[PDB]
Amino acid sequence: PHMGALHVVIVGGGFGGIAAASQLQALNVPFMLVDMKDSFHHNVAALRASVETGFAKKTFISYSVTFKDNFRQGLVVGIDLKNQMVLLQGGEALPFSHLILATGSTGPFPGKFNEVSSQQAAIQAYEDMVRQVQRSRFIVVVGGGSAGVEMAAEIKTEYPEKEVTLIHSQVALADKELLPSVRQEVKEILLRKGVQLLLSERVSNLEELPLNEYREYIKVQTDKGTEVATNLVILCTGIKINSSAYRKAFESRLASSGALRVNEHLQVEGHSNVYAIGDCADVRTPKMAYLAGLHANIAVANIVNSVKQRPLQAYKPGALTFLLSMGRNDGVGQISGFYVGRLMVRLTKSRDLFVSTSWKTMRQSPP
(Lines of atoms letter the chains of each structure in order from A and count residues from 1; the text may use other names and numbers.)
(Lines give C-alpha, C1' and ligand atoms only; values in the text may rest on other atoms or scores of the structure.)
Protein backbone atom coordinates (compact mmCIF):
# COMPACT_ATOMS: atom_id res chain seq x y z
CA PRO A 1 0.00 0.00 0.00
CA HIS A 2 1.47 3.37 -0.99
CA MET A 3 -1.08 5.31 1.15
CA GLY A 4 -1.29 8.14 -1.35
CA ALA A 5 2.44 8.48 -2.01
CA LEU A 6 3.76 8.37 -5.58
CA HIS A 7 6.11 5.71 -6.85
CA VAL A 8 6.34 5.61 -10.64
CA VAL A 9 7.86 2.59 -12.37
CA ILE A 10 9.11 3.04 -15.93
CA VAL A 11 9.56 -0.19 -17.90
CA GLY A 12 12.04 0.48 -20.68
CA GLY A 13 14.90 2.95 -20.90
CA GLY A 14 14.64 4.04 -24.52
CA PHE A 15 13.88 7.47 -25.88
CA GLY A 16 10.56 7.44 -24.03
CA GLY A 17 11.89 6.04 -20.76
CA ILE A 18 14.85 8.37 -20.36
CA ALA A 19 12.64 11.37 -21.09
CA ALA A 20 10.14 10.26 -18.44
CA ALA A 21 12.87 9.48 -15.90
CA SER A 22 14.60 12.81 -16.52
CA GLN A 23 11.39 14.70 -15.82
CA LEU A 24 10.44 12.68 -12.70
CA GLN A 25 13.99 13.20 -11.45
CA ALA A 26 13.66 16.97 -11.98
CA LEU A 27 10.33 16.96 -10.13
CA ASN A 28 11.79 14.92 -7.21
CA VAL A 29 9.02 12.33 -7.69
CA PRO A 30 10.06 8.86 -6.41
CA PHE A 31 10.50 6.50 -9.34
CA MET A 32 12.43 3.53 -10.69
CA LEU A 33 13.57 3.17 -14.29
CA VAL A 34 14.00 -0.47 -15.34
CA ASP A 35 15.92 -1.56 -18.43
CA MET A 36 17.50 -4.87 -19.41
CA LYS A 37 20.71 -3.09 -20.58
CA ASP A 38 23.14 -1.03 -18.52
CA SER A 39 23.07 1.86 -21.02
CA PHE A 40 20.66 3.82 -23.21
CA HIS A 41 21.06 3.07 -26.93
CA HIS A 42 20.68 5.96 -29.39
CA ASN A 43 19.52 3.45 -31.95
CA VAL A 44 18.76 6.09 -34.59
CA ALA A 45 22.54 6.07 -35.09
CA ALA A 46 22.99 2.28 -34.99
CA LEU A 47 23.58 1.96 -38.73
CA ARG A 48 26.27 4.67 -38.75
CA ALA A 49 27.79 2.84 -35.77
CA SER A 50 27.89 -0.24 -38.01
CA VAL A 51 30.13 1.41 -40.64
CA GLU A 52 32.26 4.07 -38.89
CA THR A 53 35.22 3.06 -36.71
CA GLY A 54 35.07 4.63 -33.25
CA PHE A 55 31.49 5.90 -33.52
CA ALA A 56 29.69 3.28 -31.43
CA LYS A 57 30.91 4.79 -28.15
CA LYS A 58 28.85 7.91 -28.97
CA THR A 59 25.65 5.81 -29.12
CA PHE A 60 25.54 4.20 -25.62
CA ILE A 61 24.98 6.25 -22.44
CA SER A 62 25.26 4.76 -18.92
CA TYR A 63 21.94 4.81 -17.02
CA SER A 64 23.54 4.63 -13.59
CA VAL A 65 25.69 7.72 -14.21
CA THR A 66 22.58 9.84 -14.83
CA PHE A 67 19.99 8.20 -12.60
CA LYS A 68 21.98 6.42 -9.80
CA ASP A 69 19.62 4.60 -7.40
CA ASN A 70 16.59 5.56 -9.51
CA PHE A 71 17.80 2.98 -12.05
CA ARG A 72 17.59 -0.81 -11.78
CA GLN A 73 18.87 -3.15 -14.49
CA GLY A 74 16.66 -6.15 -15.14
CA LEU A 75 14.24 -8.01 -17.38
CA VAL A 76 10.54 -7.45 -16.77
CA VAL A 77 8.60 -10.71 -17.18
CA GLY A 78 5.09 -9.72 -16.06
CA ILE A 79 2.86 -7.08 -14.51
CA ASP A 80 0.73 -7.98 -11.46
CA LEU A 81 -2.25 -5.67 -11.97
CA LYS A 82 -4.12 -6.88 -8.87
CA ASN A 83 -1.26 -6.09 -6.45
CA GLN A 84 0.18 -3.29 -8.66
CA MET A 85 3.63 -4.89 -8.99
CA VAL A 86 6.27 -5.07 -11.74
CA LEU A 87 7.65 -8.61 -11.88
CA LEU A 88 11.34 -9.02 -12.70
CA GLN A 89 13.16 -12.10 -13.87
CA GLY A 90 14.77 -13.62 -10.79
CA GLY A 91 11.67 -13.16 -8.65
CA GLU A 92 12.05 -9.55 -7.53
CA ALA A 93 9.02 -7.27 -7.65
CA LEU A 94 8.61 -3.48 -7.90
CA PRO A 95 5.48 -1.84 -6.43
CA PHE A 96 4.00 1.13 -8.24
CA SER A 97 1.37 3.79 -7.82
CA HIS A 98 1.74 4.61 -11.52
CA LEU A 99 3.21 2.57 -14.36
CA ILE A 100 4.80 3.88 -17.56
CA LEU A 101 5.31 1.23 -20.22
CA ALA A 102 8.01 2.25 -22.69
CA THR A 103 9.21 -1.07 -24.07
CA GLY A 104 9.90 -0.05 -27.69
CA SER A 105 10.53 -2.65 -30.39
CA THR A 106 12.79 -5.60 -31.20
CA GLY A 107 14.34 -6.57 -34.47
CA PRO A 108 17.57 -7.82 -36.01
CA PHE A 109 20.99 -6.50 -35.19
CA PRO A 110 22.46 -3.99 -36.10
CA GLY A 111 19.31 -1.84 -36.38
CA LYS A 112 18.18 -2.90 -32.88
CA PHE A 113 20.21 -4.00 -29.86
CA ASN A 114 18.34 -5.61 -26.95
CA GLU A 115 20.90 -7.88 -25.33
CA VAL A 116 21.58 -8.06 -21.63
CA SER A 117 25.08 -6.69 -21.79
CA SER A 118 27.58 -4.30 -20.36
CA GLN A 119 28.28 -0.97 -22.03
CA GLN A 120 31.65 -2.11 -23.37
CA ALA A 121 30.28 -5.37 -24.80
CA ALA A 122 27.55 -3.36 -26.57
CA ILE A 123 30.07 -0.92 -28.06
CA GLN A 124 32.29 -3.85 -29.09
CA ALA A 125 29.35 -5.55 -30.86
CA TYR A 126 29.11 -2.50 -33.13
CA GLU A 127 32.90 -2.23 -33.52
CA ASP A 128 32.93 -5.90 -34.56
CA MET A 129 30.21 -5.14 -37.10
CA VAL A 130 32.36 -2.35 -38.54
CA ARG A 131 35.20 -4.86 -38.93
CA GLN A 132 32.90 -7.33 -40.75
CA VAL A 133 31.83 -4.60 -43.18
CA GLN A 134 35.45 -3.52 -43.68
CA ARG A 135 36.53 -7.07 -44.50
CA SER A 136 33.72 -7.61 -47.02
CA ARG A 137 34.01 -6.46 -50.64
CA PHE A 138 30.49 -7.70 -51.50
CA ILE A 139 27.57 -7.01 -49.15
CA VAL A 140 23.84 -7.83 -49.32
CA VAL A 141 21.25 -5.85 -47.36
CA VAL A 142 17.93 -7.72 -47.02
CA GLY A 143 14.80 -5.58 -46.74
CA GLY A 144 14.23 -2.18 -48.32
CA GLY A 145 12.14 -0.48 -45.70
CA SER A 146 13.49 2.70 -44.21
CA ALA A 147 16.18 0.84 -42.22
CA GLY A 148 17.49 -1.10 -45.21
CA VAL A 149 17.73 1.90 -47.52
CA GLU A 150 19.64 3.77 -44.83
CA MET A 151 21.92 0.75 -44.24
CA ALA A 152 22.76 0.37 -47.92
CA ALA A 153 23.37 4.10 -48.29
CA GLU A 154 25.62 4.25 -45.23
CA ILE A 155 27.83 1.44 -46.55
CA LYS A 156 28.21 2.91 -50.04
CA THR A 157 28.84 6.43 -48.70
CA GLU A 158 31.58 5.33 -46.30
CA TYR A 159 33.01 2.66 -48.67
CA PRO A 160 32.29 3.59 -52.30
CA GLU A 161 34.62 0.82 -53.46
CA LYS A 162 32.39 -1.95 -52.03
CA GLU A 163 29.63 -3.69 -54.00
CA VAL A 164 26.28 -3.32 -52.26
CA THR A 165 23.03 -5.02 -53.24
CA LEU A 166 19.72 -4.25 -51.53
CA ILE A 167 17.06 -6.96 -51.93
CA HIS A 168 13.49 -5.87 -51.24
CA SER A 169 10.22 -7.80 -51.55
CA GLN A 170 8.09 -4.84 -52.68
CA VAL A 171 8.08 -2.69 -55.81
CA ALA A 172 8.81 0.60 -53.99
CA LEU A 173 11.20 1.42 -51.16
CA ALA A 174 10.65 2.60 -47.58
CA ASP A 175 7.34 3.20 -45.82
CA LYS A 176 4.07 3.03 -47.72
CA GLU A 177 2.82 6.03 -45.70
CA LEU A 178 5.44 8.31 -47.24
CA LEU A 179 4.70 10.70 -50.07
CA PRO A 180 5.34 8.94 -53.41
CA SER A 181 7.82 11.75 -54.22
CA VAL A 182 9.88 10.80 -51.17
CA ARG A 183 9.86 7.09 -52.01
CA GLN A 184 10.94 7.71 -55.60
CA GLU A 185 13.76 10.05 -54.56
CA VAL A 186 15.04 7.39 -52.13
CA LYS A 187 15.31 5.02 -55.08
CA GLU A 188 17.14 7.58 -57.24
CA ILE A 189 19.66 8.44 -54.53
CA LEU A 190 20.49 4.77 -53.95
CA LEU A 191 20.97 4.15 -57.68
CA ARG A 192 23.19 7.24 -58.04
CA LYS A 193 25.32 5.97 -55.13
CA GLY A 194 25.85 2.72 -57.04
CA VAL A 195 23.70 0.45 -54.85
CA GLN A 196 22.32 -2.45 -56.89
CA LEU A 197 18.57 -2.83 -56.35
CA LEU A 198 16.74 -6.16 -56.54
CA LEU A 199 13.09 -5.14 -56.11
CA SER A 200 10.00 -7.38 -55.93
CA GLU A 201 12.17 -10.25 -54.69
CA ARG A 202 12.11 -12.11 -51.38
CA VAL A 203 15.28 -13.67 -50.00
CA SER A 204 14.25 -17.28 -49.54
CA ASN A 205 17.13 -19.07 -47.79
CA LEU A 206 17.46 -16.88 -44.67
CA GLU A 207 17.74 -19.91 -42.36
CA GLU A 208 20.83 -21.09 -44.28
CA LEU A 209 22.65 -17.72 -44.25
CA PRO A 210 25.43 -16.62 -41.91
CA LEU A 211 24.38 -13.15 -40.70
CA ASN A 212 26.54 -10.14 -39.78
CA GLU A 213 29.73 -12.13 -40.42
CA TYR A 214 32.31 -12.00 -43.20
CA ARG A 215 32.60 -15.19 -45.23
CA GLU A 216 34.72 -15.84 -48.30
CA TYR A 217 31.54 -16.98 -50.07
CA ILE A 218 27.81 -16.81 -49.23
CA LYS A 219 25.04 -17.58 -51.76
CA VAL A 220 21.85 -15.56 -51.27
CA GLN A 221 18.76 -16.96 -53.05
CA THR A 222 15.41 -15.34 -53.87
CA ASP A 223 11.95 -16.77 -54.46
CA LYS A 224 12.28 -15.78 -58.14
CA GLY A 225 15.43 -17.91 -58.49
CA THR A 226 17.90 -15.00 -58.51
CA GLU A 227 21.24 -15.91 -56.91
CA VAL A 228 23.64 -13.33 -55.46
CA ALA A 229 27.12 -14.24 -54.20
CA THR A 230 28.35 -12.07 -51.34
CA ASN A 231 30.74 -11.81 -48.40
CA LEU A 232 28.26 -10.39 -45.88
CA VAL A 233 24.50 -10.49 -45.22
CA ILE A 234 22.73 -7.82 -43.13
CA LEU A 235 19.04 -8.13 -42.24
CA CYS A 236 16.84 -5.04 -42.15
CA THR A 237 13.68 -7.14 -42.43
CA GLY A 238 11.46 -5.35 -39.90
CA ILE A 239 10.64 -4.96 -36.24
CA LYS A 240 7.99 -6.13 -33.77
CA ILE A 241 6.60 -4.17 -30.84
CA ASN A 242 8.26 -5.55 -27.71
CA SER A 243 5.27 -6.72 -25.67
CA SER A 244 7.10 -9.25 -23.48
CA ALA A 245 6.77 -7.30 -20.23
CA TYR A 246 3.03 -6.70 -20.48
CA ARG A 247 1.35 -9.01 -23.02
CA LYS A 248 -0.27 -11.43 -20.55
CA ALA A 249 -1.42 -8.83 -18.03
CA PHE A 250 -2.93 -6.54 -20.67
CA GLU A 251 -4.01 -9.09 -23.30
CA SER A 252 -7.52 -7.62 -23.51
CA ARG A 253 -6.08 -4.13 -24.12
CA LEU A 254 -3.61 -4.91 -26.93
CA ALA A 255 -4.05 -3.68 -30.47
CA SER A 256 -3.27 -6.09 -33.29
CA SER A 257 0.19 -4.49 -33.64
CA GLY A 258 0.96 -5.54 -30.04
CA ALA A 259 0.73 -1.96 -28.80
CA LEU A 260 -1.57 -0.95 -25.92
CA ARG A 261 -4.71 1.02 -26.68
CA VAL A 262 -4.71 4.52 -25.13
CA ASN A 263 -6.67 7.79 -25.15
CA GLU A 264 -5.40 11.26 -26.10
CA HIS A 265 -3.86 11.50 -22.58
CA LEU A 266 -1.89 8.26 -23.24
CA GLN A 267 -3.45 6.33 -20.35
CA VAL A 268 -4.05 2.69 -21.22
CA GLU A 269 -7.75 2.07 -21.78
CA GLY A 270 -9.14 0.34 -18.70
CA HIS A 271 -6.69 2.13 -16.38
CA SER A 272 -6.18 5.65 -15.06
CA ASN A 273 -2.65 5.22 -13.65
CA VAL A 274 -1.02 3.19 -16.47
CA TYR A 275 0.51 4.95 -19.46
CA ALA A 276 2.04 3.69 -22.68
CA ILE A 277 4.55 5.84 -24.52
CA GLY A 278 6.67 5.46 -27.63
CA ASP A 279 6.64 2.42 -29.90
CA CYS A 280 4.50 0.32 -27.55
CA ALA A 281 1.73 2.96 -27.59
CA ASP A 282 -1.07 2.50 -30.16
CA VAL A 283 -0.59 6.03 -31.47
CA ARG A 284 -1.42 4.84 -35.02
CA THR A 285 1.20 7.50 -35.80
CA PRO A 286 4.58 6.24 -37.09
CA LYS A 287 6.89 4.79 -34.46
CA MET A 288 9.43 7.57 -33.87
CA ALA A 289 12.02 8.48 -31.24
CA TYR A 290 10.85 12.09 -31.09
CA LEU A 291 7.25 11.03 -30.48
CA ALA A 292 8.35 8.74 -27.65
CA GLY A 293 9.88 11.78 -25.99
CA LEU A 294 6.69 13.83 -26.42
CA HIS A 295 4.58 10.97 -25.09
CA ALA A 296 6.80 10.78 -22.00
CA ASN A 297 6.27 14.46 -21.29
CA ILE A 298 2.51 13.97 -21.65
CA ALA A 299 2.57 10.84 -19.42
CA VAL A 300 4.54 12.39 -16.56
CA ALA A 301 2.48 15.58 -16.74
CA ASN A 302 -0.84 13.79 -16.38
CA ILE A 303 0.43 11.69 -13.47
CA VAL A 304 1.09 15.03 -11.74
CA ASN A 305 -2.02 16.72 -13.18
CA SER A 306 -4.09 13.78 -11.97
CA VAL A 307 -2.80 14.14 -8.39
CA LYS A 308 -3.53 17.90 -8.54
CA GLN A 309 -7.11 17.18 -9.85
CA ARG A 310 -6.15 19.20 -12.95
CA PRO A 311 -7.15 18.62 -16.59
CA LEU A 312 -4.95 16.31 -18.61
CA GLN A 313 -2.67 17.16 -21.51
CA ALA A 314 -3.65 15.75 -24.90
CA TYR A 315 -1.57 14.29 -27.73
CA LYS A 316 -2.80 15.47 -31.14
CA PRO A 317 -0.98 14.18 -34.25
CA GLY A 318 -0.25 16.29 -37.31
CA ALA A 319 0.99 15.38 -40.76
CA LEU A 320 3.74 12.79 -41.12
CA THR A 321 7.34 13.83 -40.40
CA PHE A 322 9.80 11.21 -41.62
CA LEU A 323 13.45 11.85 -42.53
CA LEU A 324 15.67 9.29 -44.25
CA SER A 325 19.40 9.78 -44.04
CA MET A 326 21.18 8.47 -47.13
CA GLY A 327 24.70 8.39 -45.77
CA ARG A 328 26.23 11.38 -44.07
CA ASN A 329 26.05 13.58 -47.20
CA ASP A 330 22.49 12.98 -48.47
CA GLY A 331 18.91 12.20 -47.56
CA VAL A 332 15.28 12.95 -48.29
CA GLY A 333 12.02 13.01 -46.41
CA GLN A 334 9.00 14.98 -45.31
CA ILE A 335 8.36 17.40 -42.44
CA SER A 336 4.72 17.39 -41.29
CA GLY A 337 3.39 16.20 -44.63
CA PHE A 338 5.45 18.09 -47.17
CA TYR A 339 8.57 17.13 -49.07
CA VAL A 340 11.93 18.30 -47.82
CA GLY A 341 15.05 17.95 -49.92
CA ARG A 342 18.58 16.68 -49.62
CA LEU A 343 20.28 19.76 -48.16
CA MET A 344 17.55 20.01 -45.51
CA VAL A 345 17.76 16.35 -44.50
CA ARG A 346 21.57 16.32 -44.56
CA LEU A 347 21.70 19.25 -42.13
CA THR A 348 18.79 18.17 -39.94
CA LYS A 349 19.53 14.44 -39.61
CA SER A 350 22.26 12.90 -41.76
CA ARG A 351 25.30 14.70 -40.32
CA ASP A 352 24.72 14.08 -36.61
CA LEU A 353 21.74 11.63 -36.46
CA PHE A 354 20.41 13.60 -33.43
CA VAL A 355 23.13 12.05 -31.22
CA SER A 356 23.78 15.23 -29.22
CA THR A 357 20.13 15.40 -28.07
CA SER A 358 20.45 12.16 -26.07
CA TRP A 359 23.68 13.21 -24.34
CA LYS A 360 21.90 16.47 -23.44
CA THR A 361 18.85 14.66 -22.00
CA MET A 362 21.17 12.37 -19.96
CA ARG A 363 23.29 15.35 -18.83
CA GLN A 364 26.48 13.55 -19.87
CA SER A 365 29.29 14.30 -22.27
CA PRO A 366 30.20 11.82 -25.02
CA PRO A 367 33.60 10.08 -24.82
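One rule holds for the numbers: they count along the sequence shown, beginning at 1. So that the term is clear: the rigid core is the largest set of C-alpha atoms that superpose within 1.5 Å between two forms.
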After fitting on the rigid core, pick out whichever of 79-87 or 152-160 shows the bigger RMS C-alpha deviation in 5 other deposited structures of this protein. 79-87
Rigid core superposition, C-alpha RMS per stretch in 5 other deposited structures of this protein: which comes out larger, 251-259 or 178-186? 251-259
Looking only at C-alpha temperature factors in the entry, 38-46 or 61-69, the higher average sits in 61-69
State which stretch shows the higher mean Cα B factor in the entry: 280-288 or 106-114. 280-288
For the listed residues 96, 217, 126, 138, which one has the largest C-alpha B-factor as given in the deposited model? 96
Quiz for you: based on the deposited Cα B-factor, which of 332, 307, 51, 300 is highest? 307
Give the position of residue 326 by CA B-factor within its chain, expressed as the lowest, middle or highest third. lowest
Considering only modelled residues of the same chain, in which third does the CA B-factor of residue 152 rank: lowest, middle or highest? lowest
Ordered by C-alpha B-factor within the chain, which third holds residue 158? Give me lowest, middle or highest, please. lowest
Pull the Cα B-factor of residue 55 out of the PDB entry and bin it into the chain's lowest, middle or highest third. lowest
By the recorded C-alpha temperature factor, relative to the other modelled residues in its chain, which third is residue 195 in? lowest
